[PDB]
Amino acid sequence: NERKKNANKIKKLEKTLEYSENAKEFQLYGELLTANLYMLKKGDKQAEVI
Amino acid sequence: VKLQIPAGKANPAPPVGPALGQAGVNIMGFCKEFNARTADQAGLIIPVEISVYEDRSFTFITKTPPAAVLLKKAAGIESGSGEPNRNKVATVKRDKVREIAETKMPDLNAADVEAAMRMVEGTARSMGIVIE
């Protein structure tokens, strides 16, 4: 049990894990806005980026 | 504005593109001005102070690298002592103190060699290093 049990629960961990990262996307762009922190409005959605 | 950049690198936007993008300079233009003047090692670190007049007449003084950098290269540390006065993760010489004096006595900030060393060693204990 404990062998197969936790083998199952831990491949299950991995299975559930692979999906979401959602961090460096928008991290690098927060850095971009910090860089271009002089062309901004508080009232926009879009950006222009390099 | 103080910048802290390797002598051979250019166009790191995120550091100065803000810092003198409100000033509005060519990122690679000024960074290659910097490399042309300090045409030296990339991966190095020069402190460099830029002075801009009201009409955007920029000049700057490059200066000697940090003793942190020189002694990271000496001892082989990436971070300083995780706890100075409890961990010493790096070691140098009195000879190294004199080497760094002769390196940077232009930039050093006490008129005597011994008071220069007092400040240098204030920094050596700041970053937690022992002597050989």
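Residue numbers (the UniProt record's numbering), protein chains in the order written: chain A, 300 to 349; chain H, 9 to 140. Backbone N, C-alpha and C fix where the C-beta goes; we use that ideal spot for every residue, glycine too.
Kindly say whether H/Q12, judged by its beta-carbon, lies nearer than 8 Å to any beta-carbon of chain A. Under the Cβ distance rule, H/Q12 does not count among the residues neighbouring chain A, no pair being separated by less than 8 Å.
With a CB to CB cut of under 6 Å and the five nearest residues on each side skipped, what residues in its chain are close to residue 147 of chain H? Here chain H has residues from 9 to 140 only, and residue 147 of chain H is not among them.
For H/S89, name the three-state secondary structure that DSSP assigns. coil
Hey, is A/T315's beta-carbon within less than 8 Å of any beta-carbon in chain C? Going by chain labels, chain C is absent from the structure shown, which instead holds the protein chains A and H.
Less than 8 Å between C-beta atoms, sequence neighbours within five positions excluded: which residues of the same chain meet that for H/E86? So the list reads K80, once near-sequence residues are dropped.
Just checking, does the segment 115-135 of chain H make contact with the segment 62-69 of chain H on the three C-beta pairs under 8 Å criterion? Output reads no: the segment 62-69 of chain H does not touch the segment 115-135 of chain H.
Contact check, H/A44 vs H/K17, beta carbons under 8 Å: no
Proximal chain A residues relative to H/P26, where beta-carbon distance stays under 9 Å: Those within 9 Å of H/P26 in chain A are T333, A334, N335, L336, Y337.
Assigned exposure category for A/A306 - 16 Cβ within 10 Å defines buried: exposed
Verify the CB distance criterion: does H/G84 have a CB-CB separation below 8 Å to chain A? no
Closer than 8 Å is the cut-off here; do at least three beta carbon pairs connect the segment 333-346 of chain A with the segment 23-38 of chain H? Yes, they touch.
Do H/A83 and H/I137 have their beta-carbon atoms positioned less than 8 Å apart in this structure? yes
In the DSSP assignment, find the unbroken alpha helix (DSSP H) run with H/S134 in it and report its ends. 121-134
By a C-beta neighbour count over all protein chains shown, 10 Å radius and 16 as the cutoff for buried, is H/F42 buried or exposed? buried
Rounded to whole angstroms, what is the Cα-Cα separation between H/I108 and A/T333? 36 Å
Nearest candidate by alpha-carbon position, reference residue 378 of chain A, set H/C39, H/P22, H/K40: Residue 378 of chain A falls outside the range modelled here, since chain A spans only 300 to 349, and no answer is possible.
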